[PDB]
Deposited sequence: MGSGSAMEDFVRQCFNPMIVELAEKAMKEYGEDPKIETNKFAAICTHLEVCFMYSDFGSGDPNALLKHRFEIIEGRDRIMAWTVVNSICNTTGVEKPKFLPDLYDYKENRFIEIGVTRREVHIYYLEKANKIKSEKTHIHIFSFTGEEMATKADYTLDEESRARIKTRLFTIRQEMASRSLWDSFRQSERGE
């Protein structure tokens, strides 16, 4: 029950509510799949931090599927960018490309390969963050300036260390749930 307490204590209510909604979609109980719960919250918060550091970015993640696809289709219709096969996380209006955001407890390159093999689209930019301050991005183009990426890396490390002080990090990292 400690993972749920930590989640509600370190993530703001909006993020927690969105994550619980995602889990209700999956038919998953956040009191049981606690690690997936924390992972969902962390990925949501990274996506929102990313989109706020720009308005440069359009947030697709966190919307219900109806709204997410409505926004994707609006962007495609008004830009001509090819429609992604999977719901991406953001749209970058400056570079004019969709972005998939990855947050992993494994090596950034392994998860990068996983994401790139999955989405199978040369056009969606991919950006992977770890909990150790590492990143990897398509073409090594990290989109953001050093300060914003620093802010995200700090937040992720801090989440890791909070989990560690509560003896939660070990279970969370050995689990691939949420990636």
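Positions of the deposited sequence absent from the coordinates, in order: 1-4, 59-67.
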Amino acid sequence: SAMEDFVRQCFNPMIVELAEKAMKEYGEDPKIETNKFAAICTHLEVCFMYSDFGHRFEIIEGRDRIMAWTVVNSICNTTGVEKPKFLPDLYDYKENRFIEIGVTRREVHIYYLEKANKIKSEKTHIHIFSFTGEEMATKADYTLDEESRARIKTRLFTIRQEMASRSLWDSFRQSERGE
From here on, numbers count along this sequence of modelled residues.
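Between 150-158 and 122-130, the higher mean Cα B-factor belongs to 122-130. A summary of the deposited B-factors shows that, of 159-167 and 18-26, the stretch with the larger mean C-alpha value is 18-26. Per the PDB record, residue ranking by Cα B-factor puts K85 in the highest third of the chain. Remark: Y112 belongs to the lowest third of its chain, ranked by C-alpha B-factor as recorded.
When the CA B factors of the chain's modelled residues are split into thirds, the value for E135 lands in the lowest one.
Sort the chain's modelled residues by C-alpha temperature factor and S51 lands in the highest third, per the entry. Among the modelled residues of the chain, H43 sits in the lowest third by CA temperature factor in this PDB entry.
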